Amino acid sequence: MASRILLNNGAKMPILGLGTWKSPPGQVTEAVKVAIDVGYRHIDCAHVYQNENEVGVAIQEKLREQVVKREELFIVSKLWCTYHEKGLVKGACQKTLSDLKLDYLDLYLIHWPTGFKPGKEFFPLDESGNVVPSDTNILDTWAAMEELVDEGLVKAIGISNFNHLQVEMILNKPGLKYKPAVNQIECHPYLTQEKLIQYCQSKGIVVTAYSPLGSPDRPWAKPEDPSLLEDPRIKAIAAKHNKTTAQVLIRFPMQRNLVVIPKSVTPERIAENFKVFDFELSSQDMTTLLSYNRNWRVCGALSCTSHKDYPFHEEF
Ligand SMILES: NC(=O)c1ccc[n+]([C@@H]2O[C@H](COP(=O)([O-])OP(=O)(O)OC[C@H]3O[C@@H](n4cnc5c(N)ncnc54)[C@H](OP(=O)(O)O)[C@@H]3O)[C@@H](O)[C@H]2O)c1
Ligand SMILES: O=C(O)COc1cc(F)ccc1C(=O)NCc1cccc([N+](=O)[O-])c1
């Protein structure tokens, strides 16, 4: 299968990237170095993950070693919720660029549609635990993102965790200058996202699937929770193909024309997870995996469920 997908900005994006949320700062430099050594050319980052400096050490070392040229890498980061303000977006992007050791990002995403009060705290709370919103709307934040393209800081801009009405708001923005290139959303066999994926793809927006293994290391996991990697039905499909369960879970979104960003800090798994370009799931396999949908969403925040732009009240 082709390794890159053409974006609506004219650039090509590798369909497999390395995730970095929860990758400890003392392990992520080696993880990214290993990833680049074994073929990864796309790294998914974010300021809120608090490890961009260490990711950047790895990127810079592989560039210095001439393992890879900058033009061959596709580095993604995301604008955190406390920076949705016109006057804060550029500095937030610049801090990410500084930490990553880069002079541009290939893609910069609005991390969540919800803006929060600026300040040191990533989740500013009122005394009852509700997040404190910003009044800056998604359209003004989008205009600020467009300026980053025009200033050369980023090659492409996009969105993440936007529901279809929020995507539509951007697409209908008066004076829209650059369409979102990507919507990065949670997607795996227990949350298959058909409706939102078809909407985005019909608009030429590429979808990136996050938490493709179900984020079993998410901090709020419970022992009784569903487990994709341990689902016997998925293990059976993997065994039939002589592949691991993780490899099936990564190949699945690829065959839906999605980009996918599995996270690992384990060198053997980083290498294994990349070995997904030499087998094909049948259309029966694909439809069978889709059938496991249970609308089981692992990534959200209770503190945000009354924010006016909370994305998950809408069906999709
Ligand atoms: N835009 C957003 O709002 C958003 C939200 C969530 C995630 N994301 C992005 O998407 C990335 C991936 O999602 P995620 O981190 O939530 O979870 P994930 O990639 O679904 O799962 C990561 C977990 O799977 C384990 N794992 C990886 N490969 C494995 C294999 N071959 N066999 C067994 N276990 C394996 C990892 O263990 P080890 O690391 O210990 O090997 C880790 O515990 C994130 O890191 C982040 O970059 C974005
Ligand atoms: O947001 C991600 O990429 C993954 O999850 C997190 C990563 C972090 F480093 C810190 C926090 C989260 C997290 O709680 N993310 C969830 C989240 C964030 C913002 C808004 C909402 N919302 O429902 O509107 C949900």
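Both ligands and their constituent atoms are indexed starting at 1 by order of listing. Throughout, numbering of the chain's residues begins at 1 and tracks the sequence. These values consider heavy atoms only, across backbone and side chains, with no hydrogens, waters or symmetry-generated copies.
Heavy atoms of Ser264 found under 4.0 angstrom from ligand 1 belong to the backbone as well as the side chain. Only the side chain of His111 comes within contact range of ligand 2, with a heavy atom under 4.0 Å; no backbone atom does. Within the 4.0 Å heavy-atom criterion, the part of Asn273 lying near ligand 1 is the side chain and not the backbone.
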Exercise. Applying salt bridge (charged side-chain N to carboxylate O under 4.0 Å, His left out), run through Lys12 and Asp106 and close with a yes or a no.
Key: CA-CA 10 Å; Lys12 292 179 184 182; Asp106 295 275; over 6 Å; no
Exercise. Start with the C-alpha distance between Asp103 and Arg70, add both sets of side-chain angles, then the distance that settles salt bridge (charged side-chain N to carboxylate O under 4.0 Å, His left out), and finish with yes or no.
Key: CA-CA 10 Å; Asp103 57 15; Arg70 175 64 186 95; 5.3 Å; no
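Contact check on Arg218 versus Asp225 returns a salt bridge, with a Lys/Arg side-chain nitrogen under 4.0 Å from an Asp/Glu carboxylate oxygen. Taking 4.0 Å as the cut-off between side-chain N and carboxylate O, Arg64 and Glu61 count as a salt-bridged pair. The pair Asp37-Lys62 counts as a salt bridge, with a side-chain nitrogen and a carboxylate oxygen less than 4.0 angstrom apart. Ion pairing between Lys90 and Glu151 holds under the 4.0 Å rule for side-chain N and carboxylate O.
Considering backbone and side-chain atoms alike, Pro262 places every N or O at 3.5 Å or more from each N or O of ligand 1. Looking at ligand 1, you'll find an N or O of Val265 within less than 3.5 Å of one of its N or O atoms. Inclusion of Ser211 in the set of residues having an N or O under 3.5 Å from an N or O of ligand 1 is warranted. The shortest N/O to N/O separation between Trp80 and ligand 2 does not fall below 3.5 Å.
Each of the following atoms of ligand 2 lies closer than 4.0 Å to a heavy atom of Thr114: 20 (C), 24 (O). Heavy-atom proximity to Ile261, at under 4.0 Å, picks out these atoms of ligand 1: 9 (C), 10 (O), 11 (C), 12 (C). Those atoms of ligand 2 that come under 4.0 Å of a heavy atom in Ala301, given as number and element, are 17 (C), 23 (O), 25 (C).
Among all protein heavy atoms, the one lying closest to atom 14 (O) of ligand 2 is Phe123 CZ, 3.6 Å. The shortest contact between atom 16 (C) of ligand 2 and any protein heavy atom is with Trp112 CZ2, 3.4 Å. What sits closest to atom 7 (C) of ligand 2 on the protein, heavy atoms only, is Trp21 NE1, 3.2 Å. In terms of protein heavy atoms, atom 9 (F) of ligand 2 is closest to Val48 O, 3.2 Å. For atom 23 (O) of ligand 2, the closest non-hydrogen atom of the protein is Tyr310 CE1, 3.3 Å.
With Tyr210 as the fixed residue, the side-chain contact (heavy atoms from CB on, under 4.5 Å) test singles out one of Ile261, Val298, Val260, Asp44: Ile261.
Between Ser215, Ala221, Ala31, it is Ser215 that holds the heavy atom closest to atom 17 (O) of ligand 1. The option from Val298, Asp44, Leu18 that lies nearest to atom 9 (C) of ligand 1, judged by heavy atoms, is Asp44.
At a 4.0 Å cut-off, at least one heavy atom of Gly300 sits close enough to ligand 2 to count as contact. Under the 4.0 angstrom criterion for non-hydrogen atoms, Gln184 is in contact with ligand 1. The closest approach between any non-hydrogen atom of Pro311 and ligand 2 is below 4.0 Å. Heavy-atom distances between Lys78 and ligand 1 reach below 4.0 Å in at least one pair.
For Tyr49 and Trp80, the ring centers are positioned 6.0 Å apart or more. Between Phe123 and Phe116, the distance from one ring center to the other falls under 6.0 angstrom.
The protein does not reach atom 12 (C) of ligand 2 closely, with no heavy atom under 4.0 angstrom from it.
Side-chain contact, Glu186 with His188: a donor N or O sits under 3.5 Å from an acceptor N or O.
Relative orientation of the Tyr310 and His313 rings is tilted, given thresholds of 30° and 60° on the angle between their planes.
Annotation: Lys173, atom NZ; neighbour count of heavy atoms from other residues, nucleotides and ligands within 6.0 Å is above 12.
For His241 (side chain) and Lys243 (main-chain N/O), no donor-acceptor pair under 3.5 Å exists by modelled atom type.
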